[PDB]
Each structure stands twice: as structure tokens, then as C-alpha cells.
Amino acid sequence: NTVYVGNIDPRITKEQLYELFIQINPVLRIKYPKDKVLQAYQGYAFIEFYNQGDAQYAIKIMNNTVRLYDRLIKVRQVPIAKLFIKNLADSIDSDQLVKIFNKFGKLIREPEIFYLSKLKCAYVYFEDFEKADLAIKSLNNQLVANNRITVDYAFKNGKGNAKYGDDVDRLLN
RNA sequence: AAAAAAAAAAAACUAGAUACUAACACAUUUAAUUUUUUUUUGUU
């Protein structure tokens, strides 16, 4: 219900802000942070309306509309499976990783290739712990691109606890 | 070009520095009456 405001003159006072934005919509509160060191505001604010619709409408109407001391005001709005894999082949592109792990599970993000020791390793993000269980079951200690690869859980000691299965199960559901 | 959604000082010990509170108390106090204490030993 709160909208961000920016490009504010430090000479602007909370009174002037309120008088401005009440024209658009009823404003529940205005948090307009000040530096208590210098007693000087930082040129931005947070304006909390009563509901969301007033916030969105205010964003639409008041963005880049008004110049306060020539300054044009800005108005704006404002946990997953992971697998460590070791001994990868240098011929394996991240896209080839994607094609490998898609059949096992849907990737929430892209894998991350990093070198340890020289030693090609990667992190693979799955949306499911069970799909990752399939990826480990089939892919663990398996020869691809003429190189034996090891698939396990990435450390945090690693993922795959019981609470991990429960809360990941919930985040999926 | 951007936004940073509002909390930090200590504590202890030992000494030293300085404000301050409480209509606090400060020259009256003595004519009924308990410190008045002795191995009793004051005689028509």
C-alpha cells in the first residue's frame, strides 16, 4: 500500500508532500526519512495510502508529472533445490547442462560453472527436491563426455535434510 | 538516472570533578512524677 518517491528537494517539508499527494488520494501516512546527524532529508520518501488501488493510481498519475524546484519527482512501486556436481568435462556448456537436467527437473535458474582446486564443478537449481532425487539417482557417478561426473547436494552440512524436504515441499505447494 | 523502510550507547572496578533533592534539621529545652542504684538500719 506504500509507494516510493524520489528526486526530492531536501528543502521540501513533510507538510508540502502531504499537501501535494492528498490531491491524488487520501494518504494514511508519510515516512520521509531524515538524517538525524545533519537534520537533512535524503531526497526520497515512502507514502503509504489506505489501499492498493489508490497507490497504483497515484503511481500512474504523479510519475514525472510535477517539478518541485525544477526537480521532476519520481513515483515508483515497491529456497529451492540446489545440487553440487564435481568432475565435469570442459566440453560441457551451461546450455548442455540445461538440456541434461531438464528431463530430470524443471530449472528455476541456470546452473553455475566454477573451477575448484582446474576442477570443473557446478550448481544446478531445481524447482523440486524429488526431481533432484531423480537427477541424483540416475546421474550420480556417471560418465558423460568421456568424464565421470559426481552429483550430490550443495552445502549450505548440505541440503536434503528432513525439514528441507518439508519446507521445499510446501514452497512448491 | 535510483532506495537507506527509521535505533544505537556498555558493563564492572576504583578513585577523583560538580550540580541537586527532601517548607529535612539548627537555640531553645526545665514545676507533678523513674539512672536516683548499697552490704535494711534515724531516737516517747
# chains A, B, ... in the order shown; residues from 1 in each chain; ligands from 1
>>> residues_around(residues="residue 164 of chain A", least_positions_apart="6", cutoff="10 Å", atoms="only C-alpha atoms (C1' of nucleotides)", output="MDAnalysis selection string")
chainID A and resid 79:81 129 170
>>> residues_around(residues="residue 2 of chain A", least_positions_apart="6", cutoff="10 Å", atoms="only C-alpha atoms (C1' of nucleotides)", output="VMD selection string")
chain A and resid 27 to 31 45 to 52 54 to 56 76 to 78
>>> closest_atom_pairs(of="chain B", to="chain A", cutoff="8 Å", atoms="only C-alpha atoms (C1' of nucleotides)", output="CSV")
residue,atom,partner,partner_atom,distance
B:2,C1',A:6,CA,7.9
B:3,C1',A:44,CA,7.9
B:5,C1',A:46,CA,8.0
B:6,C1',A:33,CA,6.6
>>> write_last_selection(atoms="N, CA and C atoms (P, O5', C5', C4', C3', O3' and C1' of nucleotides)", output="PDB file, in the first residue's frame")
ATOM      1  P     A B   2      22.018   7.141  -9.489  1.00  0.00           P
ATOM      2  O5'   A B   2      20.628   6.794  -8.796  1.00  0.00           O
ATOM      3  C5'   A B   2      20.035   7.667  -7.840  1.00  0.00           C
ATOM      4  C4'   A B   2      18.822   7.034  -7.202  1.00  0.00           C
ATOM      5  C3'   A B   2      19.120   5.843  -6.299  1.00  0.00           C
ATOM      6  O3'   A B   2      18.116   5.722  -5.288  1.00  0.00           O
ATOM      7  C1'   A B   2      17.845   5.123  -8.155  1.00  0.00           C
ATOM      8  P     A B   3      17.319   7.002  -4.725  1.00  0.00           P
ATOM      9  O5'   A B   3      16.637   6.456  -3.394  1.00  0.00           O
ATOM     10  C5'   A B   3      17.342   6.458  -2.157  1.00  0.00           C
ATOM     11  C4'   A B   3      17.466   5.069  -1.581  1.00  0.00           C
ATOM     12  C3'   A B   3      18.492   4.171  -2.269  1.00  0.00           C
ATOM     13  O3'   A B   3      19.111   3.326  -1.302  1.00  0.00           O
ATOM     14  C1'   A B   3      16.353   3.171  -2.395  1.00  0.00           C
ATOM     15  P     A B   5      15.601   1.101   2.159  1.00  0.00           P
ATOM     16  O5'   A B   5      14.738   0.995   3.493  1.00  0.00           O
ATOM     17  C5'   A B   5      15.113   1.721   4.659  1.00  0.00           C
ATOM     18  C4'   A B   5      14.043   1.670   5.720  1.00  0.00           C
ATOM     19  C3'   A B   5      13.813   0.300   6.357  1.00  0.00           C
ATOM     20  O3'   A B   5      13.404   0.481   7.709  1.00  0.00           O
ATOM     21  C1'   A B   5      11.826   1.023   5.320  1.00  0.00           C
ATOM     22  P     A B   6      13.581  -0.698   8.786  1.00  0.00           P
ATOM     23  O5'   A B   6      13.267   0.022  10.169  1.00  0.00           O
ATOM     24  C5'   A B   6      12.673   1.312  10.189  1.00  0.00           C
ATOM     25  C4'   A B   6      13.721   2.395  10.218  1.00  0.00           C
ATOM     26  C3'   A B   6      14.336   2.691  11.576  1.00  0.00           C
ATOM     27  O3'   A B   6      15.356   1.773  11.933  1.00  0.00           O
ATOM     28  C1'   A B   6      13.736   4.719  10.520  1.00  0.00           C
TER      29        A B   6
END
>>> closest_atom_pairs(of="segment 105-127 of chain A", to="segment 138-153 of chain A", cutoff="10 Å", atoms="only C-alpha atoms", output="tab-separated table")
residue	atom	partner	partner_atom	distance
A:120	CA	A:149	CA	9.7
A:121	CA	A:149	CA	9.1
A:122	CA	A:151	CA	9.5
A:123	CA	A:153	CA	8.8
A:124	CA	A:153	CA	9.3
>>> write_last_selection(atoms="N, CA, C and O atoms", output="mmCIF file, in the first residue's frame")
data_model
loop_
_atom_site.group_PDB
_atom_site.id
_atom_site.type_symbol
_atom_site.label_atom_id
_atom_site.label_comp_id
_atom_site.auth_asym_id
_atom_site.auth_seq_id
_atom_site.Cartn_x
_atom_site.Cartn_y
_atom_site.Cartn_z
ATOM 1 N N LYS A 120 36.321 -28.740 -12.685
ATOM 2 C CA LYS A 120 35.076 -28.143 -13.149
ATOM 3 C C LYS A 120 33.914 -28.665 -12.312
ATOM 4 O O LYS A 120 33.672 -29.876 -12.259
ATOM 5 N N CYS A 121 33.200 -27.750 -11.662
ATOM 6 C CA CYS A 121 32.057 -28.077 -10.825
ATOM 7 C C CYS A 121 30.919 -27.125 -11.158
ATOM 8 O O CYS A 121 31.114 -26.106 -11.825
ATOM 9 N N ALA A 122 29.719 -27.460 -10.689
ATOM 10 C CA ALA A 122 28.565 -26.629 -10.996
ATOM 11 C C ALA A 122 27.508 -26.762 -9.911
ATOM 12 O O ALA A 122 27.478 -27.741 -9.160
ATOM 13 N N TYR A 123 26.642 -25.752 -9.840
ATOM 14 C CA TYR A 123 25.439 -25.771 -9.021
ATOM 15 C C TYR A 123 24.232 -25.782 -9.947
ATOM 16 O O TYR A 123 24.158 -24.976 -10.879
ATOM 17 N N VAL A 124 23.291 -26.687 -9.697
ATOM 18 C CA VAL A 124 22.108 -26.823 -10.540
ATOM 19 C C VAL A 124 20.874 -26.614 -9.674
ATOM 20 O O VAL A 124 20.690 -27.305 -8.664
#
>>> select_by_dssp(residues="segment 23-147 of chain A", states="alpha helix (DSSP H)", output="PyMOL selection string")
chain A and resi 52-62+94-102+129-139
>>> residues_around(residues="residue 24 of chain A", least_positions_apart="6", cutoff="10 Å", atoms="only C-alpha atoms (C1' of nucleotides)", output="list in words")
residues 54, 55, 57, 58, 59, 61 and 62 of chain A
>>> write_last_selection(atoms="N, CA and C atoms", output="CSV table (one decimal), in the first residue's frame")
chain,number,residue,atom,x,y,z
A,54,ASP,N,-5.5,3.0,-4.7
A,54,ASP,CA,-5.0,4.4,-4.6
A,54,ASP,C,-3.5,4.5,-4.9
A,55,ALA,N,-2.7,3.5,-4.4
A,55,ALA,CA,-1.3,3.5,-4.6
A,55,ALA,C,-1.0,3.4,-6.1
A,57,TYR,N,-3.0,4.0,-8.8
A,57,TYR,CA,-3.5,5.2,-9.5
A,57,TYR,C,-2.5,6.4,-9.3
A,58,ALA,N,-2.0,6.6,-8.0
A,58,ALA,CA,-1.1,7.6,-7.8
A,58,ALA,C,0.2,7.5,-8.5
A,59,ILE,N,0.7,6.2,-8.6
A,59,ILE,CA,1.9,5.9,-9.4
A,59,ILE,C,1.7,6.3,-10.9
A,61,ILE,N,-0.6,8.5,-12.2
A,61,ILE,CA,-0.8,9.9,-12.4
A,61,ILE,C,0.4,10.8,-12.1
A,62,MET,N,1.1,10.6,-11.0
A,62,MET,CA,2.1,11.5,-10.5
A,62,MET,C,3.5,11.2,-10.9
>>> atom_distance(atom1="atom CA of residue 8 of chain A", atom2="atom CA of residue 73 of chain A")
6.4 Å
>>> select_by_dssp(residues="segment 62-167 of chain A", states="strand (DSSP E or B)", output="count of residues only")
40
>>> closest_residue(among="A:137, A:14, A:131, A:86", to="residue 118 of chain A", atoms="only C-alpha atoms")
A:86
>>> atom_distance(atom1="atom CA of residue 18 of chain A", atom2="atom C1' of residue 7 of chain B")
25.5 Å
>>> atom_distance(atom1="atom CA of residue 16 of chain A", atom2="atom CA of residue 64 of chain A")
17.3 Å
